[PDB]
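So I've got this experimental structure, pasted below with the sequence.
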Amino acid sequence: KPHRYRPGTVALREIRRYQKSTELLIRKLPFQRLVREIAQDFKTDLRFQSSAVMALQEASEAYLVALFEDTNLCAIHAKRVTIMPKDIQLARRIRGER
Amino acid sequence: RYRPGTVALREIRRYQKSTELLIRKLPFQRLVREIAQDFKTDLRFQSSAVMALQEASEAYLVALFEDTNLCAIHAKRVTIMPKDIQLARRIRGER
Amino acid sequence: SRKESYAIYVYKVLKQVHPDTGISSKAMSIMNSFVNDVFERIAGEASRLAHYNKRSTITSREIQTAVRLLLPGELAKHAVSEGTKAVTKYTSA
Amino acid sequence: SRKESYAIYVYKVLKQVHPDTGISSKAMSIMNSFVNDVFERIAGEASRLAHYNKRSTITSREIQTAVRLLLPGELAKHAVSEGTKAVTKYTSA
Amino acid sequence: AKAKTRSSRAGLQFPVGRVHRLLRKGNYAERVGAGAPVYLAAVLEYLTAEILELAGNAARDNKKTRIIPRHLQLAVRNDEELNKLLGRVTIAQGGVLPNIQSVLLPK
Amino acid sequence: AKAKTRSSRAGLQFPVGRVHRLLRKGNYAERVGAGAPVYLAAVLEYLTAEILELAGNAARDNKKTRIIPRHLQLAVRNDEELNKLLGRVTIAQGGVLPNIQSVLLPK
Amino acid sequence: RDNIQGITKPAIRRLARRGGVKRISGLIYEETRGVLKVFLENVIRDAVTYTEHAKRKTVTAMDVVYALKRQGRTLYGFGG
Amino acid sequence: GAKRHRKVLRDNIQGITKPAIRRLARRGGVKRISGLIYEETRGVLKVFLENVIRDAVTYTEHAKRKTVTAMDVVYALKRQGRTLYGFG
Amino acid sequence: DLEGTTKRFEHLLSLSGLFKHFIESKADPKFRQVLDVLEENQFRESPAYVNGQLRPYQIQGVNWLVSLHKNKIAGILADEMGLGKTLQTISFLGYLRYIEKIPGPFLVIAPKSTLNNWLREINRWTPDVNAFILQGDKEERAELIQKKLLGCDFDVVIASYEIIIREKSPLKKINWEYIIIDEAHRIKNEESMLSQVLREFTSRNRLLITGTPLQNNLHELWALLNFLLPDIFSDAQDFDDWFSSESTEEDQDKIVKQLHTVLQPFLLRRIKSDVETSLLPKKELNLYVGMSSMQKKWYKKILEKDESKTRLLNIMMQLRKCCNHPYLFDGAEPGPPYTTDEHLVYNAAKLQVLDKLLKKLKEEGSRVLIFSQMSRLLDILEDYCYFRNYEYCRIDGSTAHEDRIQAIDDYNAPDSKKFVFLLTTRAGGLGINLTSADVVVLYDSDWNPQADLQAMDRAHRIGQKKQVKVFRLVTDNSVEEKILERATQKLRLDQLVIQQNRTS
DNA sequence: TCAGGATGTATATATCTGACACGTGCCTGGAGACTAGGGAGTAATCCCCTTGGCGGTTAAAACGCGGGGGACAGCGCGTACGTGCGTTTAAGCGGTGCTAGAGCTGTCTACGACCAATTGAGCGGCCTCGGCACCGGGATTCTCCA
DNA sequence: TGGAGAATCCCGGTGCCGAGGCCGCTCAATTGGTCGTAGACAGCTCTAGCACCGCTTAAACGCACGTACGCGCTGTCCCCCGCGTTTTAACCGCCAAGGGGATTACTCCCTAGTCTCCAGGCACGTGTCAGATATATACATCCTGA
Ligand SMILES: Nc1ncnc2c1ncn2[C@@H]1O[C@H](COP(=O)(O)OP(=O)(O)O)[C@@H](O)[C@H]1O
Ligand code: BEF
Ligand SMILES: [Mg+2]
């Protein structure tokens, strides 16, 4: 029989890995395309610096990590372990971002 | 007799319609003076200063209670609880 | 001593908007505070912009940019339109 | 074009604290940003203190009060101690 | 000759001269342009007029002829852009919007 | 006479002259006292030395000899005063403190 | 001297009702008293710092307004 | 034939893939994730980026430039009350 | 080393004292020490270890190369492409294998479409040579390195441009004899990583090869040249300002003789026209066609920025896409099913004349080759070939290692009904031979006209039994006209001096 | 399901009063006028840097699938919270009494701005080796099913 | 109550590239004068904050009582995790080519500083009417029982 881990073991191992590391977690080209597309709706034909795009990505990832921590707290509060869109919405609503 | 949860809703409507303060003036003032006693001794307060403190404190507590209510509903309850308050403050980052 | 505020100007605007409506003292003080707070926000943002570009003169262009940064969405368009109209009339006459 | 920063000074402080530890380049950029940010916070608070009291000078009393308003607890206490020490030494010598 | 105030020649009600003075005496920059006060005063007048008309409508809905902090609160918190602008502001003697969650209401 | 820097006179490491120039050109007030730059330089040096000491301990705690943004992040977020001070600050490439919730772990 | 108990139970219930709380636990009261004390401590400490810097001995309404503004809670209606 | 038009489906916001979002949640400390979290996260990120980019572009356009710079992005973030260290 | 330096100067100083001037124009290590003492004081039979016949100029080139080897000096086989220079190289490696009896470690570099050809010809001619095509993933390279490359069980190894960059460390450990560099066009830049890693290897000799010489500048020239004899030059702007760029200011055009005489024995270039080896030239036509009427509207939409709300950050490339083909701009093809019919040819300007020419050449028996820059445009051409149901093979960038080979063989199979052959420009036409084809057509113009010349002569080599009929497509009243004008400008900025090199 | 009792809430009308709208008088701050000079604008030049495509590799995303474990719904029960009532208690308002200290004016001096001459500390450019990040094998530890 | 497989750590060797030290120069920091005004300090006024007492009454409090809700337990099923396999697009090198951002020099007009003067805005009365307050009737709505 193939050797399978119990569900959650790999989750915890990944959690330790990614809280140990510090590299960026989103692919740079997809992120850059997204940034350029969003900018297209404000001023046509802009021209970003590489450092500018990197700063945007740093800030975005930090923001999302903090939001997921808050979402985890809300999900635990509801006596769950699975984070859900209502959990995200509650976190943002309490933060005052809705 | 009214069934539980009726006078409470009536009070909700009344106090959301009203505007005045909800804490007694002299108890709040004694509390303020006692707290300030720990920073510098023998202060002296303007009446408008104490009134401003009361307005700010009541506004703060009311908003905090709205957030606590949201958390309580989120856990499928109708009864706010200390852990609801703690969650609200932790999310806001006051911890 | 003589202490100044925006009460008379707020009252003139009120009589232009609702011609037969008064305003109480506490509300008047609140709106005085509002005008001061908004003034200070805009002026501070304009100051920071001017220092950012190594200039040393706050002009209507920095005021316009600060308005666009602070005011939200649909308010910004009307605000900049009113400012442009006023400056244009002021320079023309 | 010349561009000035706090690299040499942060490095001297580092060599006083940890005599053999080095420091990378991104870490130094972060420390430079940190120093600039704290400078701006303290200076802005002192500015508004001076304006509130209708003064036109930023003195060590304003700087001390701004430190006491910004830094928390033990940081405030030791920072006040250090600033006072430096000013006393500066005047006496 | 006979003076004609800057506010008048700009078509405003707020004081252009006073705003000019406040800008200069506020340590915002070394110099202050000539159209900066006109622009700023026009913007301040616009915002004041906006809040005033909303508060006037609220007071009329309440069948009063005078505006009060409750009416200012209602106007600000019912207009979403003004509410976003004044998001971290407490209005003395303001109150709160009437609001009850759906789940609390009886079925 | 003979030049002796104000930083040396105060017994500091940060540039009192540079701080004085920056306070002058920053348009913070109309005038700048003579002890303000000394006080401000002393405060900035104190805070810098505090964080550098903590980060150096963090770096030595990983058997390293050079301080990196991860080490700065660890020091700041582990000291509670500095965490309270830099509560709104994101440190680039800093990462996160290791923390798994109590109920997530296997019982 | 037990002044925090001066913030009675009915006062807290009134605040909760204005916030919209239909049904309240029983442990809420001590929790809310602690929260209120912490908030007051922060604001009053900043206000007293402003007062002491101005070399006054009376806490004015403007000091409270400034302290609230510094902590991020702007307050309209108490002068400027 | 008819292969020159087989791939027209980028939709850049989809570029933030499911595994990337899951990695972000793992660093946040999340043990288990619902399946609807991905679309919600994409929406949240889009709103955040729109706000920041609007502010940065306003700064740039004020400066009579055509190149958004790291400083402009930093100042937009700081104006939103999210101070960022490490980019000058 | 220094003995080798003295041996090199024995033949370098045997040329003009210009090498002395270069040594004495340095603004200097102990090379002067061996310079001062000297200052004050074959096989023309086409040797039979090959399996075939050597051409006369081929034998002459081999003799020049062995003269360089005996002098221990370097050079550049700048002979025009398709002159059996592969045969020259194979006979030269056979010379080193047999006359000196030294088959050792050798290194050859070729483009990916061309790693096949070198191994095929070396097997066809000297099957006594152990050669590899070092291809495969990390693991397929892993056992290749571990077993045979580490086991020293080879003579020559054939790799691609990037694989050497990937395997520098397991290759630095092997000191070489030759680093054979086909199509040496990557070297034109000094900061190119290929150059950066090829200053690292240490072979006894360094035989640079090309299809065409320098592209733009004396800058380019010394960029190639430095990696021939580096310890001799080791200088950057000395070489430039010493020659002053064809007398860029006085326009004397006589100081070029100094450079030209320096390089004449220091390089070896021959023309196909002089030694025919095929006795048949090539024709050339520029089919100036009008820019299509329908896409006139979108071309206006691009000029006046009229479709809308899209980026234009490289107006060059945008207009170039428009000049190539309308449908690339993501929406010119309105059909939700994306109809495939005569409307495509109707809407594209070039394709109408192209269809006429295809109908002509199918009957005429012309076996055609097509080059392009846009892989997406080649996608559209593949769909249109499906429309006309022609046999072909599509080689593009990033197809495969084996699939390139099999498609080439299928096209070049005798009596192959593959009428057309879709190909890119910068990945396809860099050394392969397609004499089975006769006519070559360019869909677009390229900002490297020397690369264009590299392209057309794919079928115009030894083995061409028909007349080469070149049909370049240029769009009338388009920016491609200015493309062609600048192309001609850069042709003449180089070709005059290239033609002076041979005469004097 | 509805009826009728019971309770709280809105609607109507008559009466005070004190907060606001308005008029007077005055004085100080804004407008008009004029000058100097420095900041901002404009032109020309240059050179680094951003963009778009491809080529080729290869790591990561996408996809399918079994299965298990966690979300979720229902049920019971027991106690903690809401509603009401009589008793007590302290808030609120008024009044009298007193003085600390807030706020203002006047003098004058010492401290900070500004300028000019001088010099040395810090910045950009340049070279070099040691800390660090793999890379492979081997050893240990963890997890999971018996 | 177990060995077996996968994960992880231990240790040594290797290549590299960026941190750290040296060096010329230039521009900002220091030193020394003069000069003008901010504010330090004294002295005066009178506001408003602190303290206490008396009386009314509205809220707080303590207790009884009942039920609605929180919480524990059980079962079910659906949807997420884990892993193997195929496909796709990210990533870095490369090639051109312009363009945009920085620098430099010169010019002019727009803002600060100064002075004169008068009217707009502020402090101070004054009446009066919008709102606060008190009663009375109408109606909605909740709740137990049918
Ligand atoms: N001496 C010769 N004898 C027979 N065939 C030749 C000779 N020289 C060249 N060829 C043919 O001409 C073609 C040219 O190929 P190659 O030598 O690779 O040219 P290049 O090296 O210039 O690309 C080869 O396919 C070969 O078959
Ligand atoms: F003549 Be070679 F194939 F370029
Ligand atoms: Mg050949």
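Here it is on my side, so go on. Numbering: from 1, shown residues only, chains lettered A, B, ... in the order given. Ligands and ions are numbered 1, 2, ... in the order given.

make it CA atoms for all contacts and neighbour counts henceforth
Noted.

Which secondary structure element is home to the residue minimising distance to the centre of chain G?
Centroid-nearest residue in chain G, with CA atoms, centre = their mean: residue G:40, separated by 4.1 Å. If you go by DSSP states H and E, residue G:40 is part of helix G:28-53.

burial of the residue lying closest to residue I:98 once chain neighbours are set aside, as a residue count?
Nearest residue to residue I:98, sequence neighbours excluded (CA to CA, 6 or more residues apart in numbering or on different chains): residue I:49, at 7.8 Å. Under the neighbour criterion other CA atoms under 10 Å in any protein chain shown, residue I:49 is assigned a count of 15.

Would you mind measuring from residue I:49 to residue I:117?
Going from residue I:49 to residue I:117 by CA to CA, to the nearest Å gives 20 Å.

Name the residues that touch the longest helix seen in chain I?
The single longest helix within chain I, with elements called by DSSP state H, is helix I:479-503. Helix I:479-503 has contacts (CA atoms under 8 Å, 6 or more residues apart in numbering or on different chains) with I:215-217, I:256, I:260-261, I:264, I:269, I:319-320, I:323, I:445-450, I:474-475.

now with 6 Å?
I:260, I:449 (CA atoms under 6 Å, 6 or more residues apart in numbering or on different chains).

Taking the centroid of chain A, which residue is nearest it?
The centre of chain A sits closest to residue A:64, judged by CA atoms, centre = their mean, with a distance of 3.7 Å.

Quick check: buried residues in whichever helix or strand it is part of?
Following DSSP H and E, one finds residue A:64 within helix A:50-77. Buried residues in helix A:50-77, counted by 16 or more other CA atoms under 10 Å in any protein chain shown: A:52-62, A:64-77.

So the helix or strand that it is followed by, near chain H or not?
Downstream of helix A:50-77, the first helix or strand assigned by DSSP H and E is strand A:82-83. Yes. Judged by CA under 6 Å from any CA of the partner chain, strand A:82-83 comes into contact with chain H at A:82, A:83.

any bit of strand A:82-83 sitting next to DNA strand J?
Yes. Strand A:82-83 reaches DNA strand J (CA under 7 Å from any atom of the strand) through residue A:82.

just checking, what packs against that strand?
Packing partners of strand A:82-83 (3 or more CA pairs under 6 Å, 6 or more residues apart in numbering or on different chains; DSSP states H and E): strand H:32-33.

starting at the chain centroid, how far to the strand it packs on?
The chain centroid and the centroid of strand H:32-33 are separated by 22 Å under CA atoms, centre = their mean, to the nearest Å.

Likewise for stretch C:86-93?
Remark: stretch C:86-93 is offset 17 Å from the chain centroid, using CA atoms, centre = their mean.

Name the residues that touch it?
E:9, E:10, E:38.

The first one: neighbour count?
Going back to what we said before, that points to residue E:9. Residue E:9 is flanked by 15 other residues according to other CA under 10 Å.

do the second one as well
Neighbours of residue E:10 under the rule other CA under 10 Å: 22.

Any residues of chain G in contact with DNA strand K? List them.
Counting by CA under 7 Å from any atom of the strand, chain G comes close to DNA strand K at G:6, G:8, G:9, G:10, G:11, G:58.

Distance of the residue nearest to the centre of chain G relative to residue G:79?
The gap separating residue G:40 from residue G:79 is 21 Å, by CA to CA.

before we move on, what about residue I:441?
Distance from residue I:441 to residue G:79, by CA to CA: 84 Å.

Next, give phi and psi for residue I:203.
phi -110, psi 150 (degrees, to the nearest 10).

Quick check: beta-bridge partners of it?
With beta bridges defined as DSSP bridges, residue I:203 has these partners: residue I:176.

how close does it sit to residue I:185?
20 Å.

now residue C:55
Counting by CA to CA - residue C:55 and residue I:185 are separated by 50 Å.

Out of these two, name the residue with the larger neighbour count.
In terms of neighbours (other CA under 10 Å), residue I:185 is the more surrounded of residue C:55 and residue I:185; the figures are 19 against 13.

re the thing from before, with neighbour count and distance to residue I:178 as extra columns, can I get the residues of chain G next to DNA strand K in TSV?
As requested, these are exported to TSV (neighbours: other CA atoms under 10 Å in any protein chain shown; distance: CA to CA, whole Å):
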residue	neighbour count	distance to residue I:178
G:6	18	96
G:8	14	95
G:9	14	94
G:10	12	96
G:11	16	94
G:58	17	93
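
Can you tell me which of the residues you listed lies closest to residue I:363?
The shortest gap between residue I:363 and any of the residues of chain G next to DNA strand K belongs to residue G:11, at 101.1 Å (CA to CA).

so what's that closest one closest to, chain neighbours aside?
residue B:23 (5.5 Å).

Stretch I:156-168 vs DNA strand K: in contact?
No. Using CA under 7 Å from any atom of the strand, we find that stretch I:156-168 stays clear of DNA strand K, coming within 7.9 Å at best.

So whichever residue of chain A sits closest to chain H versus residue A:36, what's the distance?
As assessed by CA to the nearest CA, chain H sits closest to residue A:52 within chain A, at 4.0 Å. As judged by CA to CA, residue A:52 and residue A:36 stand 11 Å apart.

Need the overlap of contacts for these two.
Taking CA under 6 Å, 6+ apart as the criterion, residue A:52 and residue A:36 do not both touch any residue.

Taking chain I, what residue is nearest to chain B?
residue I:309 (40.3 Å).

one step back: now do the helix holding residue A:64 against helix H:37-62, angle only.
140 degrees (axes from the mean of the first three to the mean of the last three CA atoms, to 10 degrees).

Between helix H:18-28 and helix A:50-77, find me the angle.
In terms of direction (the same axes, to 10 degrees), helix A:50-77 departs from helix H:18-28 by 70 degrees.

give me the number of residues near residue I:164?
Residues near residue I:164, counting by other CA under 10 Å, number 19.

how close does the closest residue to it other than its chain neighbours sit to residue I:134?
The spatial neighbour of residue I:164 that comes closest, neighbours along the chain excluded (CA to CA, 6+ apart), is residue I:171 at 7.7 Å. Residue I:171 is 12 Å from residue I:134, where distance means CA to CA.

do residue I:322 as well
With CA to CA as the criterion, residue I:322 and residue I:134 are 40 Å apart.

Provide the secondary structure category for residue I:216.
Following DSSP: H, G, I helix; E, B strand; the rest coil, the label given to residue I:216 is coil.

Ramachandran coordinates for it?
Main-chain dihedrals, residue I:216, degrees, to the nearest 10: phi -130, psi -40.

same check, this time on the one 5 residues further on
Listed backbone geometry of residue I:221 is phi -60, psi -50, with angles given as degrees, to the nearest 10.

Name the nearest residue to it, sequence neighbours excluded.
residue I:214 (5.6 Å).
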